[PDB]
Structure formats: structure tokens, C-alpha cells
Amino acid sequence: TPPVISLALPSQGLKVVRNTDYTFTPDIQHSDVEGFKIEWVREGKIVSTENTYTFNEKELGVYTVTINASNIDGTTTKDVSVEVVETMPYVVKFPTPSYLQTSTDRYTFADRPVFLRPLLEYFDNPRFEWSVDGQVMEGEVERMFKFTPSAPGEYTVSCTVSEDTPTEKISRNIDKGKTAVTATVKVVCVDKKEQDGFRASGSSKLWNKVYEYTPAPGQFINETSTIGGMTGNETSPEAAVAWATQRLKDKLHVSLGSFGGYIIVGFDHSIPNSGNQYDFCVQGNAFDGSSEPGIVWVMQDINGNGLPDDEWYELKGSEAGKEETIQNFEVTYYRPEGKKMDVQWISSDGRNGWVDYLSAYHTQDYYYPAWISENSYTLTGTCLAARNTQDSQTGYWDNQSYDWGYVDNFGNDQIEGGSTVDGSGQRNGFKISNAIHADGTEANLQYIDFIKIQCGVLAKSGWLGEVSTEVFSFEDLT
């Protein structure tokens, strides 16, 4: 009397969700017999010898799972067809260096940590497991994993993000359980030493190239008056780069729009981490009451290809580490369904709001950038706590200052020269020594090759419109 396997399926077949645990608990008649063994076989190999087995697959398709049970009276076998047919919006992905870049590969020098951190969608209560080259890293259970290669080569890092989602009975023998989504990212430890990537020489102290101009929505985006300077031709990322390039050459404003908007520039040489007061400066238009702080991020061309596709490092400012500052904030903007409308956003803290359309001042059809093809996009960055406030007596708005560390901000790190009346010629100076790793520790960069300015507040001030960093120039001061 060998064993027989009972495993009830839905009458319509077993149609399951991707990235979701299904536990199979078959009834084994004559499990009492001496010499009882059970095996679970998938694509030839034995995946389990327990009485239950849990399935979870990422790819849609039909998977065959074979059960084999034995005792001293004979053997038996059963085949269950598991059809992965439904998706759910749970996503784990590693970030690229900018909106328009698609590679997730990461680059570092030997003995320099890389702080790996996935972006998540739909997760509310995530748990983390990390692996390097197939080996689970015991004790690494946090949203970031600090990985430090000690030798050149390529390393495959895997992160499984799980969430305790509600259990469901699928049949007498099948239970739907937790969600678990896996993503992988390649870390390249380059063969070079950091010092050997210093680009000496150089012909200009100014920025030499704009690589990308991806603002957030704002009243100066697609603004075609003489005040805005756009032409209507900025309908592609290449045209946006050409426009920003000419504006910066002429030291005319480039607005980043609302939170997260950014521009990426480089130089024809590396800017050293120097003993001067400042290593570089950025021209804003701040005056007292008109602070629209931009977060400064810097990048070394670790992989040597001339492109800003390596690691960004934040320059800490006066608000770094305060519990009210939000690292790794995300804002998603939506192109409105018609012309002359407010631009809606939702943020990663669960808030929602909009950038106001101001028909009195900026009369273009859209404040969402014309050259962002997609009808929604998500920008990340450090978000400072907003301090724009309206005086009720006068009704006037005060976009209040931060102490130091930010672009277009009337703080303590300004370089003499700008008008305190209208902000023309205003500059802030910056120190590469303020560069930090993602956990707040010192990055100790010897030099930088690229700068990204990221609008650092999500706010608006009535008839002033959104709080939006403007930049006008970039200069190596060493």
C-alpha cells in the first residue's frame, strides 16, 4: 500500500500572481508507512524534501512542479501545473544616474564603499535580504547595503524585498502568502586608482558642457516671453541641452522648477578638493527673502569615459542630518490633461499638491517640461524642510534663507559681488570636503568632474509661484 498524493486545485486551474509565495501542502495517504520519503522536483533538480514546498516566480508562464513520494510498498508521482498569469505593482529597481540614463551599473574604486539602495513601488512594509555573487550577506537586513570591493572586477549584488501581504486559501492544499521581489545590480570595481583619474591641464575654469537639463514643472519652464527665454523649440532633451548651454554661456537663468528638478554639467578638467575657501561656485539670483535652495551633488568620472554615469555624492549643507530633512525624497509630477492648468504631484511621504498655473505672469500652455515625453515622471533628492512664509499684515511672501551649503540661497557661504537688491550676480561657494556618502559619513573625494544641482524644496509662495532654484554659471575657483 504505497502512498497516494492529494493536492486540490481550483477548478479553473492554478492561476497565480508573480513574485508571490504559494505554499503547497499535499495530503499524503499512507504517510504512516515505514521508509517514507518525499521529493519536490522542478526542471530535473530536487528543490525540496519537506512535506510542504513554497513556489514564487517572477516571469509569467507555466511551471511544472513534480511531487514524488515513496515508502516500502511502492512509489507515486504527481504533476501540478502552476500558471503565473497576474502581475501586481510591487517593484524593486536600482536607480540610474539620471532620468534619461537607463543603465543601473555602479562604479567604484577598490576599498571605496558603494551604498546600494533600491527604489521601491507599492511596498508599504518591506523587509530586505542581500546577496553578493550568490552568497547571502548575513545580518544585512536594511534598506541600504554598504558594499566595499577590495579588488578590481565585477560583482553581482542581489536584493530581495519582501512584504507580509494578506494570506489567502487557494485550495485545501495551497495557500497564497508573502510577496517577495528580487532585483540585481552590477558593481564594477575599476582597475584604476582614484589619483590616476585626476584630469590635470584644462583650458577653462568655467563649466564646459551641459549633459542633461531635466527640470521639474515650474512657471519658467516653456516660458517664451523675454523673461523666460524659451523659444518653443525645446521639445526634445537635445534641444533642452542646447538651450541651457546657450543660457549659461550668456549667464542667463536656467530654472530647475519645483522639487527635484536638476541640471548636470561638467568641466574640461578635474576640480581638486583644495585648501582654498571654496573649490567652486555657482551663480544664483538670491537676495534676502528669495532663497530657493539647490542641493549640490558631485561626481567623479570613476569609469573614465567622460560621461556623468558614475556615482553622485551629496554635498552636505546646514540642514544635513536634521530629523526634519528628508533624504531620498521622491516626487512624481503629472502632465495635466489640458492647457493652462496647475501641475499635480504626489510625494513619497504620502502627500499631494500642485504647482500653480499663474495666468497673470506666465501664459504658456504647460508648466510641465515640453521635452519630457512621458505624462508622469519621478524625481529624487534631498528635501529640505520648507520655510517660505506669508506675512498676513502685508500679504508679502518671504522665501527664508538657510544657513549654508545650497545653491541660490541667501546664506553664510555667499561670495561678494551679487546685488542685494535684485540678486543679480549672486554666488554661493562650495567645498568638495562637504561631500558625504549616503549614510552621512565623509566621502573624502580627491576631486570632482561633474556637478548636478537639484532643486531642494517642495513649496510654493502664492503670486511668486513655485520655489525653484535658478542657476546662471559654474566656475572652478582653484
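The numbering used is simple: start at 1 and walk along the sequence shown.
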query	finding
365-373 set against 70-78, stretch whose average Cα temperature factor tops the other in the entry	70-78
Mean Cα B-factor comparison, 202-210 or 111-119, giving the higher one as deposited	202-210
Residue with maximal Cα B-factor (values as given in the PDB entry) among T380, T325, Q393, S255	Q393
Residue of maximum C-alpha B factor among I264, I302, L384, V85, per deposited coordinates	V85
Chain-relative CA temperature factor third for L445	middle
Where the record places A435 (Cα B-factor, split into thirds across the chain)	lowest
Cα B factor band for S225 (lowest, middle or highest third within the chain)	highest
Third of the chain, ranked by Cα B-factor, where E238 sits	middle
Lowest, middle or highest third - CA B-factor, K452	lowest
